[PDB]
Amino acid sequence: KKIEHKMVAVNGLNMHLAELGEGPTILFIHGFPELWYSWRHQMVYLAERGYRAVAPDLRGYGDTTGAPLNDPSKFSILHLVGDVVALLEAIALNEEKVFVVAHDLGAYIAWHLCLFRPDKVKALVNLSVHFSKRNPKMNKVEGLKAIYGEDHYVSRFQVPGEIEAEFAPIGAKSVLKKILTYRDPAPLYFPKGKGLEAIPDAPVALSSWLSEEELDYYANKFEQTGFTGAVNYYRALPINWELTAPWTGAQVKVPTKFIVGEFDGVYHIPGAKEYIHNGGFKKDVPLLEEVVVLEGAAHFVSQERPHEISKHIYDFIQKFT
């Protein structure tokens, strides 16, 4: 029983989907800059325990085709939730509700799926990115720029072609290696012309979870696709902010478990810890169960602590039968 791959017509895309197992569906939604492949350990673990694990490559990523790279407006949170809703209708026709597990920008998508269509989701496991209450004063790009300045990765990703040109002489493999193995709680910085020089390196032994073969899987895909599709998600943040104004004050009503690594940059955004632990998060997400912080772990928890993540998913979703 190997992982099986197929292509599915969804919301104007030809979407690549990996799938393993039979039983109730768990949809796994990857983040940046990742692929379905980031869920490899979880898919095996949950498939072995009687679930059908499905992990697509998102719009602009891997083997999923059809989104115009030159228009970041087509990577809005509304497009992305549209993709997911369409995917579910296509592949989980007889399950009114499915389990969802998501990481990073996937978790951002998943929060909005749950806001827009709670009728589709049975329970949610989100990793790294907590619910963000929409700030009426300004968009997230402006918020983060005001705090961390123009070199902050989100700011540097904004102008089309600028980050792509920065990465071009470096090559996908080195960029991915540097990002995947990053462990410092500061956000990533890409000062113009400096390549990867503003990104500190951790001791090598701390990235032993990533094999060369795993790294090559990612690098091979991104060499082909480039980074534009992925980076366009961040270029859409300003319009996402405008487009989500209808949900000011709305709660996420899906049962949820949130898990984050101690050294994850998003977890160190000013105010985030307070929001997460001191009640704000629970107020917006009333069925949020106790938050989990993984000691000694950074951003890519599914790959860095696969057993801990797989087990946390399993134990949570077992509560619903």
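- Labelled according to the PDB entry, the chain appears under the name EPOXIDE HYDROLASE, originating from Solanum tuberosum.

## Thoughts on the pattern of salt bridges
Here's step 1: Counted according to the given criterion, the structure contains 19 salt bridges.
Here's step 2: Put simply, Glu212 and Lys173 hold a salt bridge, and the shortest N to O gap is 3.0 Å. One end of the pair, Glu212, is in helix α8 (residues 212–225); the other, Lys173, is in helix α7 (residues 172–180), with 39 residues separating them in the sequence.
Here's step 3: Classification of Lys173 by relative accessible area gives partly exposed; the value is 32%.
Here's step 4: Overlapping salt bridges, with partners in common, bring together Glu4, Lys6, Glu19 and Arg52 in one network.

## Let's talk about the pairing of strand β7 (residues 256–261)
Here's step 1: Taking burial as the measure, the six residues of β7 include six buried ones, the bulk of the element.
Here's step 2: A two-sided burial pattern is seen for β7, the buried positions comprising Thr256, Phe258 and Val260 on one face and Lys257, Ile259 and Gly261 on the other.
Here's step 3: Direction of pairing for strand β6 (residues 121–127) relative to β7: parallel, over a ladder of four bridges. The residue of β7 that forms the bridge with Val125 is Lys257.
Here's step 4: In the sheet, β7 pairs with strand β8 (residues 292–294) via three bridges, with the strands oriented parallel.

Quick notes on the rules
- Residues numbered from 1 in each chain as written, not as in the entry; some residues may be left out.
- Heavy atoms only, no water.
- Salt bridge = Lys/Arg side-chain N within 4 Å of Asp/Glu carboxyl O.
- Helix = DSSP H or I, 4+ residues; strand = E, 2+ residues; numbered from the N terminus.
- Buried < 20%, exposed > 50% of the residue type's maximum accessible area, 1.4 Å probe, protein only.
- Pairing = 2+ DSSP bridges.

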